[PDB]
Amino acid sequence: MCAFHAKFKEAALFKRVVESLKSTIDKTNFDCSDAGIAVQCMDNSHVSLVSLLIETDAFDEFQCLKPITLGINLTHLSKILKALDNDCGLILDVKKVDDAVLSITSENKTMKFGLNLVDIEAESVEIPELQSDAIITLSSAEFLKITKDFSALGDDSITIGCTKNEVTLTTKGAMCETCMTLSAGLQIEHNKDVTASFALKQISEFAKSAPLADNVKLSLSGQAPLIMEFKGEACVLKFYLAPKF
């Protein structure tokens, strides 16, 4: 009997998950259980927090009787996933504790990969407590564009401000001071004006998770970590980043 078996409803979902993930962390544990697939760990720089939950509703078949944790090198997994089509039937299998995750594409073709698992020795982490001043919702693709321009024209920080009707995004580089202003497409749930600065490298790497969801949700606080959430079908991805001062 297999310790773990899972077939996705959509192969695109897990490919997109792994891209988004691998921009911010290289090796990570996938904690599987009868409740789904989870990832909670710090980014590469030990500066921020990543939180993934794929739910059982994302799969056509799902079996994980007892919890297991798969140590996964995301560079190796994306290389495998890049070989697949969004069309295919993607299946994951773990036989026992023999250290290999079997990925399977079904088509008149079938591809089977044995991915060697890794040993990841990592302290489990806990999300911070928050009560945000404003919650911003915006096209994730437009938000990505912005992070992109900012990386080119900015320095190390990006400032994000929110008022009742407008969001403001600021960076100042060596040869340029930039300011994008959005007015409510864009949704603002506001209860208190708020502005904060963040590491642009993180924001801009986080922003690349756009493929997971049409919109991105930024939960904004002046002193406590921001949340950038990409909620998909039966799946959600979140990043936690503390403001800079």
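When you see a residue number, it is the position in the sequence shown, counting from 1.
- The deposited sequence places 1 to 3 unmodelled residues between residue 107 and residue 108.
- According to the PDB entry, the deposited sequence runs on from residue 53 to residue 54 with no residue lacking coordinates between them.
- If you average the C-alpha B-factors over 186 to 194 and over 29 to 37, the higher value belongs to 186 to 194.
- In this entry, the higher average B-factor at the C-alpha atoms falls on 84 to 92, of the pair 154 to 162 and 84 to 92.
- Sort the modelled residues of the chain by CA B factor and residue 140 lands in the lowest third.
- The PDB entry assigns residue 214 a C-alpha temperature factor belonging to the highest third of its chain's modelled residues.
- Per the deposited record, the Cα B-factor of residue 3 falls in the middle third when ranked against the other modelled residues of its chain.
- Placement of the Cα temperature factor of residue 224 within the chain: middle third of the modelled residues, per the deposited record.
- In the PDB entry, residue 76 places in the highest third of its chain by CA B-factor.
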